[PDB]
Each structure stands twice: as structure tokens, then as C-alpha cells.
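Everything on this sheet refers to the single structure shown next.
Protein chains in written order, with the working numbering: chain H, 1 to 191; chain L, 192 to 564.
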């Protein structure tokens, strides 16, 4: 199977507590963690997946482990109130990826951005060239309400990698009512 | 339910403009940009009959959404209570919001501070000290919010207004003086704020001087706006002691509340000079005479006993009194402030100790370095 370590990032920003995604984004992104942890389980047994809180202070409560049980426990009562912070959210998972015992696993990060961010374009392009030097491939899936047809995030994924690098894909929520399972139905079949 | 917020959609000219977006915020079912926009309308001064009607819909939001923090619910209820004018029905509804909301973040600190802010009309003294004591007990873990500690000062200051142990007000106002990071409020309020703070802190019996915290950098800009008779008399209580002109000048400046504590201030400066007379001299030479104390404190020779021995009970000096010549032998001292050009002379007193030990000790083992090998 493919060798890599996937680090899932839940969105704890205060804008993620609304029930627009049925029944609530808390359970919606919980099912999103359910489908990414079960797919990586069906993908390779050697994949270890932790969680990271992006907004406010960034702390990983569950050390990187192949078992998602403790991750599912932290999905409940997470108290996702705070202001979204982007620039640190990728690097905090990058440090968790440098603590891996085995060096044969590729560095992989999946994050959810459900809130408008104040991150400047200079900061995301500095992280883009930094990830170019660090080879890390990040697959982001945009939830929630944000700038219509997100650009700085799309340009972030574009300028993140190149040639090929097969790759970083960005999935933005369509402007219409839908279930969270329908939003994650596309990435699970094809990245 | 939609028509309930549609009848309240127009509060006046220009309101339905942004309300066209406000009603489009819950159609997308986002209650957060809705929270910030509604809270902005609640923060926007109004009649206000709009928030009183729509608070039931905001309550309906909190029902099925089950999430949104009570912080915003306290911020809206403090705006509505002003228009309700009745604290009792506000206490029944606020305590209802206290028991109906639970989150990982502690809601007891924000609810009890809201109850304490609404308890000013009860009027006071009955349940005040109990809930006020519960605020900082629940604030001990984990005080990372920094926002509610100012509300703790609000209910603690209104708890002090009964007078109320003046000595405690400086400690509570210290808590506020360190709680808020940036003042971000007009100095015209903080000039009298630090004024009555200087009054209640100086008139306190537990603190005889504390001239150190009088120089605190965040309050010194507030003292610059204040008249300089208070700052100069605070320097009289910093050093002094008499300085009979300045301790009278604070009676010229502040008429009330000084007449009761005036004799206490005189006793406080009479025990204040005892540390500074032995501290100022290079000395020691720590043995003084009755003529020094009786001339400085301008008190009779019979009361210098009570004078110096009370300072022994204060704890600023442990010294003993030689009553044959009526001399006073000081011991140790109470450190208070000091000053610029003192770090330099401190390096002189140090470097001299440096070359002393260096020379002599390098002479010691200079003799015996041979025999060691």
C-alpha cells in the first residue's frame, strides 16, 4: 500500500458551530473525521492520524496513532469557539509530522477551513515555498462560509506544489444546501 | 417564527438595509456572522424595544443550536436590562440563562458577574459577599480569558462602596490596574479613578507608605493629568515625613474623608521617618537620640515611646530604645524604593568587593601555590 502519515485538522473556529450542515457542523465534521479515518484505515494499516485545533491556541490532544478511537472521543465536547488562525495551523501539524519514528512515511496533512481568514497573501506564499522545500503535500477541503469561490486558498493550493506534484486538491463547499456526506463523497473516490 | 423577526426587521431609517443581509444570514443557517451583526445591533444604542422582542428569537436560536457561548447572552442581557429597568425579572431570566446553558468554558464566572452587576439595586449586603467570593474562586482555573476579571473588579468595587475597609480597595483596584492591558478609554474618567484610588490607598491604615507602587508606570500617566498637589503629598508619604506643608496641602485639595484619617496619616508618617533616618545615613551608627526623633516628629518626649515602639509593632524595625540618654537604637530597616544613580554606586560597592576578594584571595594561594604541585 501507499506509505504516508495523514494529519487531520478539525476547524474549531467560532464560525463552525452553526447547524447549516445537517444536523450541525460539529457532527458534520465528526462524520468528516469518521470518513477520513476509516478510509485511511481501509487504505493502509500503517497510517497514523492525529488531530489539531487550528483556531485560538494550537494543541494536539491525541498523539499520532493509527487508532482513531481517542480522536473520536475528542470530537465530542471539543468546545469550538475562537478565531480562525491559518498560518500556524499547517506548521503545527508539520511539527507533529517531524516526530514520526519511521521516516519512510510521506508527510500528508488534511485540513478544513470553514471561516474567513485574515492571513495575508504574503504569509501563504511564504508557507507555499516553505512546503516546496519541505515536500509536504497538503489536501485541504473547504467547509463553511467564506469568500465566494475562495481565491487565496485556491492560489495557496496551486502555488503550494507543482510538477506535478500529484498532488494537492482543494474541495470547496458548493453554494447550495447539501449533506456533509455529499461534500466528502467526491474526495473519498478521487483526491 | 419568521414573521416574528420580520415585524421587528425595521427599527428605523437605514436599519432594514443591513437587516436584508441579517435575514439572509439565518437562511444560510450561519448564526455567527449573525451573532456579530446582531450583537452589533444590540451594542447599537436604540429605544430599545427591538432587542426586547427579538431576544425570544435569539433564545429560540440558542434552543436548537445548543452551542453558542453564554458570553454573547450576557452581553445582550446587560443591554436589555437597562431598558427593562426592573432587576428582579432580569435576575429570574439571567439565572434561567445560567441554568439552561452549559459548555466546556465555565459559564459560572460570566453569570455571577452579570448577577453582581445587576445586584446594585438589591441594594447590597445580603447575598453580595457570597457570590462575589464565588467569582474569583471559579476564576482561579483557568484565568486565560482576561475579560471577566474586570467584571470581578466591578462587583468587588461596588462591594467596597460600603466603606468597606479602604486598605482593601487598593488591592482590588490593583487587580483592575493589572487586569486591563490597554486602557482604551478616556483619561477624563481615569483621572478621578486614580484620584479616589490614591485617596483610599493613602488613607488606609494597613499601608503606611508603599511609595513604590505610587511610581507604577501605568498609573503615572494618570497622575500626570491629576493636579500635582496629590503627587507631591504622595512623595511626602513616600519620603517626608514632615513636610508639614504638603500634608496640609492634601487637606486643601481633598476636603472630605481626610478629617477622619488625618491623625492616622500623621501617625503613619511619624513611623515612616524612622526607617528613612537610619537608611539615609551611611551609618551604622544605627543608634539615634531623642532629640532627632522629637525634633523631626515635633512630638513630646513622652510620646516618642509610643511612636518608635508602634513602628516596632508594624514590623519596619526591630530596634531597641535606650532610655537613659533617651537614645533610640535602630536595627535592620524596612526597604522602600531607592533611586537612579544607585545602580552605579551599587557597582562601585560591588566592584570594590570584587577587587578586595580577588586581591586578598589571590594573595592567599599565591603563598601556597608552590607547595601544592
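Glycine residues also receive a C-beta, built at the ideal position from the N, C-alpha and C atoms.
Find out if the Cβ-Cβ distance for the pair residue i, residue j is shorter than 8 Å.
i: residue 273 of chain L; j: residue 402 of chain L; result: no
i: residue 315 of chain L; j: residue 353 of chain L; result: yes
i: residue 268 of chain L; j: residue 283 of chain L; result: no
i: residue 417 of chain L; j: residue 382 of chain L; result: yes
i: residue 505 of chain L; j: residue 521 of chain L; result: no
i: residue 5 of chain H; j: residue 47 of chain H; result: yes
i: residue 396 of chain L; j: residue 364 of chain L; result: no
i: residue 226 of chain L; j: residue 259 of chain L; result: yes
i: residue 477 of chain L; j: residue 469 of chain L; result: yes
i: residue 16 of chain H; j: residue 114 of chain H; result: yes
i: residue 40 of chain H; j: residue 33 of chain H; result: no
i: residue 367 of chain L; j: residue 393 of chain L; result: no
i: residue 111 of chain H; j: residue 140 of chain H; result: yes
i: residue 230 of chain L; j: residue 214 of chain L; result: no
i: residue 421 of chain L; j: residue 444 of chain L; result: yes
i: residue 89 of chain H; j: residue 54 of chain H; result: yes
i: residue 390 of chain L; j: residue 448 of chain L; result: yes
i: residue 302 of chain L; j: residue 261 of chain L; result: yes
i: residue 157 of chain H; j: residue 94 of chain H; result: no
i: residue 313 of chain L; j: residue 347 of chain L; result: no
i: residue 405 of chain L; j: residue 425 of chain L; result: yes
i: residue 14 of chain H; j: residue 257 of chain L; result: no
i: residue 462 of chain L; j: residue 502 of chain L; result: yes
i: residue 7 of chain H; j: residue 127 of chain H; result: no
i: residue 12 of chain H; j: residue 82 of chain H; result: yes
i: residue 161 of chain H; j: residue 132 of chain H; result: yes
Under the three-state reduction of DSSP, which class applies to residue i: helix, strand or coil?
i: residue 113 of chain H; result: strand
i: residue 105 of chain H; result: coil
i: residue 201 of chain H; result: The first residue shown for chain H is 1 and the last is 191, placing residue 201 of chain H beyond what the model contains.
i: residue 237 of chain L; result: coil
i: residue 477 of chain L; result: coil
i: residue 513 of chain L; result: strand
i: residue 46 of chain H; result: coil
i: residue 184 of chain H; result: coil
i: residue 142 of chain H; result: strand
i: residue 7 of chain H; result: strand
i: residue 52 of chain H; result: strand
i: residue 76 of chain H; result: coil
i: residue 518 of chain L; result: strand
i: residue 33 of chain H; result: helix
i: residue 209 of chain L; result: helix
i: residue 171 of chain H; result: strand
i: residue 18 of chain H; result: coil
i: residue 137 of chain H; result: strand
i: residue 544 of chain L; result: helix
i: residue 99 of chain H; result: coil
i: residue 66 of chain H; result: coil
i: residue 455 of chain L; result: helix
i: residue 1 of chain H; result: coil
i: residue 504 of chain L; result: helix
i: residue 523 of chain L; result: coil
i: residue 58 of chain H; result: coil
i: residue 450 of chain L; result: helix
i: residue 294 of chain L; result: coil
i: residue 193 of chain L; result: helix
i: residue 28 of chain H; result: helix
Taking residue i as the query, report the chain H residues whose CB atoms sit under 7 Å from its CB, ordered along the chain.
i: residue 260 of chain L; result: 81
i: residue 549 of chain L; result: Correct list: empty, because the minimum Cβ distance to chain H is about 48 Å.
Give the residues of chain H in contact with residue i, contact being defined as C-beta atoms less than 9 Å apart.
i: residue 256 of chain L; result: 17, 18, 19, 24
Examine the ligand MN and report whether any of its heavy atoms sits within less than 7 Å of the Cβ of residue i.
i: residue 187 of chain H; result: The model on display carries no ligand, and the ligand MN is accordingly not part of it.
Output, in chain order, the set of chain L residues within a Cβ distance shorter than 7 Å of residue i.
i: residue 14 of chain H; result: 223
For residue i, return the contacting residues in chain H, with the cut-off set at a CB-CB distance below 8 Å.
i: residue 219 of chain L; result: 20, 145
**OP:** Please name the residues in the segment 285-313 of chain L whose beta-carbon is closer than 7 Å to at least one beta-carbon of chain H, in chain order.
**Re:** 294, 295, 296
Subject >> Near-chain L residues of the segment 66-77 of chain H (beta-carbon distance less than 7 Å), N- to C-terminal order >> reply: 77
**OP:** Let me know the alpha helix (DSSP H) ranges lying completely inside the segment 257-289 of chain L, each 4 residues or longer, listed in chain order.
**Re:** 261-275
Subject >> Where the segment 132-150 of chain H meets chain L: residues whose CB sits under 9 Å from a CB there >> reply: 144, 145
Original post:
Could you give the uninterrupted runs of the alpha helix (DSSP H) lying entirely in the segment 317-404 of chain L, keeping only those of 4 residues or more?
Top reply: 319-330, 339-351, 357-370, 378-393
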